[PDB]
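Virtual Cβ from ideal backbone geometry, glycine too; neighbours counted across all protein chains shown. Readers should treat all values here as calculations from the given coordinates under stated rules, not as data from a laboratory.
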Amino acid sequence: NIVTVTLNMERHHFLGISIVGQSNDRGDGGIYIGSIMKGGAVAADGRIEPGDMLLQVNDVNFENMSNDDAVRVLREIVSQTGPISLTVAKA
Amino acid sequence: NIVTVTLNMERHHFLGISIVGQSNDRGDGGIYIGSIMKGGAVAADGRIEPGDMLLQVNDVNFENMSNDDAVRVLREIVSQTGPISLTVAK
Amino acid sequence: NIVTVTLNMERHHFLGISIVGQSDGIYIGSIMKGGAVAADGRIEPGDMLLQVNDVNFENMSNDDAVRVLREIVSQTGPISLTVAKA
């Protein structure tokens, strides 16, 4: 159950998501959507929901990434202009 | 959406909550209520919900506090008898 | 409120759950679609993981807990989970 969302990042500069480090029964330490804030690009799209696993955002893979690593990469990518593609596994 | 909850802590000794640190893409993190166990003091009151952000417990501010610091402070405060006041953002 | 759930592990090979270390323990972070736990429906996000098969999760660090869950899923047969509801 994989879903890829492509956000133009034109009406919003921020995704508007909080992430949390969690480990799953597949052995890795994954990144999951903690909560979705109002007024963000992710909330406007509506496909991603709390509890979904963040596998890839743009060209950066998040499958084996610590909670500390993921927060930096997301903030670094959000600071860049242009589109953001998120690949998630639905909860 | 700020809510202050005062618990008597008489029929229960534990809040019955787990807390977790969460960071967003805007730069600001915080301590959040992970889950509320059934049969606990927080669950009995019912006003606090999973996902609420923990701002203050009694006289201690939690806004810029690490997950390790927050857990010790909660255990230190919970160990005391008497009421416990939690200030959350819904 | 303790609940023990026994999964046959016939229609699915994976539980499809995330666990997280949270602290006043191991808790169910989220339940993935297409997993055995989601199909059963009794376990919910926020439940605390007390025991999975023969392994106790009450006093376990995040490092051991993910490894044990990974090893148990690799074994054939049913999986029984003991949780505290939220």
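Descriptive notes on the structure:
- Amide H partners (placed H, <5 Å) of residue C:42, local residues excluded: none
- Site-free segments of chain A were taken between trypsin sites (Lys or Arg not before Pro) in DSSP loops having at most 10 other Cβ atoms within 10 Å, sites themselves excluded; the longest one is A:39-91.
- Taking all Cα pairs closer than 8 Å and separated by 6 or more residues, the relative contact order of chain B comes to 39 percent.
- Within the protein assembly as shown: Cβ-based charge dipole about Cα centre, in debye rounded to nearest 20 (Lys, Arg +1; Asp, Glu -1): 600 debye
- Extension gain, residue B:11-residue B:61: 0.36 nm per intervening residue step, less the Cα-Cα distance, totals 15.4 nm.
- Positive dipole terminus of chain C, leading residue within C:53, C:17, C:72 (C-beta point charges): C:17
- For C:41-48, mean number of other protein chain Cβ atoms within 10 Å: 3
- A simple charge model with +1 on the Cβ of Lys and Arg, -1 on the Cβ of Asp and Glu and nothing else charged puts the dipole of chain C at about 300 debye relative to its Cα centre.
- Cα gyration tensor, the protein assembly as shown - rounded (a/c under 1.5), prolate or oblate: oblate
- Bridge type composition, chain A - antiparallel percent by DSSP, nearest 5: 100 percent
- Within the same chain, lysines fewer than 8 places from residue C:33 are excluded, and of the rest, those with a Cα less than 24 Å from its Cα are A:90, C:85.
- Residue-averaged 222 nm ellipticity for the protein assembly as shown, from DSSP H runs of 4+ at -39500 (n - 2.57), nearest 500: -5500 deg cm²/dmol
- Within 10 Å of the Cβ of each residue in C:64-73, the mean number of Cβ atoms contributed by other protein chains is 3.
- Radius ratio Rg over Rh of chain A, counting only Cα atoms, Kirkwood formula for Rh: 0.93
- Reported to the nearest whole Å, the Cα centre-to-centre distance from region C:11-29 to region A:19-91 is 18.
- The C-alpha atoms of chain B define a longest principal axis, and helix B:67-78 lies at about 20 degrees to it.
- Contact order relative to length of region A:33-84, as percent, for alpha carbon pairs under 8 angstrom and 6 or more apart: 25 percent
- For the pair residue A:44 and residue A:79, the difference between a 0.36 nm per residue extended length and the Cα-Cα distance amounts to 10.7 nm.
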